[PDB]
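A single chain comes next, written as structure tokens; it is the form solved without this ligand.
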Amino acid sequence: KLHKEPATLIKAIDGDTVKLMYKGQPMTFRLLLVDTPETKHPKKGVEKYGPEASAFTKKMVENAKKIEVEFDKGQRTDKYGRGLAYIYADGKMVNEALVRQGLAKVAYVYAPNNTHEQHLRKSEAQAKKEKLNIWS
């Protein structure tokens, strides 16, 4: 079964990436299953809603009492050495919060790292139905 573990915020970096202190080590985490517009996109420069998705992830992790990370069933780090996880701020999943506001799209999903896929597609269909941000 998946389980939540404690972590401490070091720094929010982009809408889809945050640096955390996890088991005493600084680590960069990539939020599982979501694609946000980027401020640090390697090719196209600062995409539309990239500032907004960055500010939303930033305000959510910085105002949290407790941050928790939840790894999925498969690999826990990507090829860049980033941890792949669902991140929770006071019990609310940041990955879902972004999708529900139309500040993220559900990514191309890779099994077995796909446990919350259906939960996120449901929130994306609601943000699209409400014509929010990305979907306006």
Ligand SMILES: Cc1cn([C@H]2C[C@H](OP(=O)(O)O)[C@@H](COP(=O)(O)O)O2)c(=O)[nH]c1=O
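Numbers for residues come from their place in the sequence shown, where the first is 1.
Another form exists, solved in complex with this ligand; not displayed. Remarks below refer to it.
S.K.: Open or blocked? Place this ligand on this chain by superposing the surrounding C-alphas onto its site in the entry with it bound, and call it blocked when 3 or more ligand atoms come within 2.4 Å of backbone or C-beta atoms.
M.R.: Site status open, zero atoms under the 2.4 Å cut.
S.K.: Identify, from the list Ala53, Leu31, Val106, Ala89, the residue with a heavy atom within 4.5 Å of this ligand in the entry with it bound.
M.R.: Result of the distance check: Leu31.
S.K.: So which of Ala97, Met27, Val61, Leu84 reaches within 4.5 angstroms of this ligand in the entry with it bound, heavy atom to heavy atom?
M.R.: Spelling it out, the residue with a heavy atom inside the cut-off is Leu84.
S.K.: Decide whether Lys65 counts as a contact residue for this ligand in the entry with it bound under a heavy atom distance cut-off of 4.5 Å.
M.R.: Result no; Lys65 lies far from this ligand in the entry with it bound.
S.K.: Report whether the minimum heavy atom distance between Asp35 and this ligand in the entry with it bound is within 4.5 Å.
M.R.: Output for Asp35 is yes: heavy atoms within 4.5 Å of this ligand.
S.K.: Determine whether any heavy atom of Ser123 comes within 4.5 Å of a heavy atom of this ligand in the entry with it bound, and answer yes or no.
M.R.: No, no contact at 4.5 Å.
S.K.: Can you tell me whether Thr17 touches this ligand? I mean in the entry with it bound, with a 4.5 angstroms heavy atom cut-off.
M.R.: Output for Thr17 is yes: heavy atoms within 4.5 Å of this ligand.
S.K.: Sequence order please: the residues of 55 to 87 with a heavy atom within 4.5 Å of this ligand in the entry with it bound.
M.R.: Those in contact are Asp78, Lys79, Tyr80, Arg82, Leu84.
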